[PDB]
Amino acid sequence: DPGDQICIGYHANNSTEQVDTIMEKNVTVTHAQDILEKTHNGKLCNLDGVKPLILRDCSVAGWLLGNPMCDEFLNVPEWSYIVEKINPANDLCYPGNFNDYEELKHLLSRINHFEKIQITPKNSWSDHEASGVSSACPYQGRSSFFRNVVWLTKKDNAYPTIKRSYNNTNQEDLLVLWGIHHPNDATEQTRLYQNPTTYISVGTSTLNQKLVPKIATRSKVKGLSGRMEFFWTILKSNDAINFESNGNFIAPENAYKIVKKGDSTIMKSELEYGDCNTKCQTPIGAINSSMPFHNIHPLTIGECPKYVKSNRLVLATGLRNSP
């Protein structure tokens, strides 16, 4: 007859979760663990406590030079990272180019804090006209110019040779900016600066530069055939910079003290501030997760999961489940 019995067996449940293996796809299991974060909040946030520098329709060039349409950023506080649009609208308002722009941008992504100072006051130009202005650079319906540099022109009918120097008596390093104007023809040249053959010299402990205008006829850009070409240098503490020019000189007014360096980046994004806080930021949204992986975007900053191009990553933790 049937006596007493005993049997060995395993757990089953009502799970419907699936994992993959190399010999077999979509295997149903009793217990599984997803290890891939696939959601973000779609916003730009503070990183730890610290707010990002969100430019709007302004480019890096627009901000530092002081495009008149960018007055929001005339004095910014310490930031955690920087956000810039793909094709900012407020860039170089007067047409031209920015020498070594991509190297300045890389430097900027190693910096967390500037403190702007005035190095040569606008009321120190006593033999030249320091009120140059252009319709390609409007402010409130009227013609203006970059706020951190000055367009000097002839006064009376003369442009005496300029010799000016500045000594960095600050403890931190200085970012200094300047430019040169390339006119359209010989006639325009004499009306602005009087002398027909001009130059700009700039010297430092390491910089030894000489610029000469290119006078010629070119296509119209925003109604102008003239060009402006800009330059930058880092002036170390206790060094001096020397300017000499007899025309076409776009001179310094303000410069930046490098107060703090650290990890930062320049993000390309169309978003705006989201009044939130996070420890992981991507160009399309922030992440609050404990997963070891994520698949939202490869360009991130902060304390983040690792990026992979997978659509699914789920780990079997339990055993195979009976149908």
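Throughout, we count residues from 1 along the sequence that is shown.
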Inset, instruction - Decide which of the stretches 300-308 and 14-22 has the higher mean C-alpha B-factor, going by the entry. - result: 14-22
Inset, instruction - State which stretch shows the higher mean Cα B factor in the entry: 193-201 or 118-126. - result: 118-126
Inset, instruction - Sort 163, 110, 105, 154 by C-alpha B-factor from the entry and give me just the highest. - result: 154
Legend entry - Selection from 29, 50, 267, 258 [criterion: highest C-alpha temperature factor in the record]: 29
Inset, instruction - Could you tell me which third, lowest, middle or highest, the C-alpha B-factor of residue 139 occupies within its chain? - result: highest
Inset, instruction - For residue 168, return the chain-relative third of its C-alpha B-factor as stated in the PDB record: lowest, middle or highest. - result: middle
Inset, instruction - Grab the CA temperature factor for residue 218 from the record and place it in the lowest, middle or highest third of its chain. - result: highest
Inset, instruction - Going by the recorded CA B-factors, say which third of the chain residue 287 sits in, lowest, middle or highest. - result: lowest
Inset, instruction - Rank-wise, by C-alpha B-factor, drop residue 175 into the lowest, middle or highest third of its chain. - result: lowest
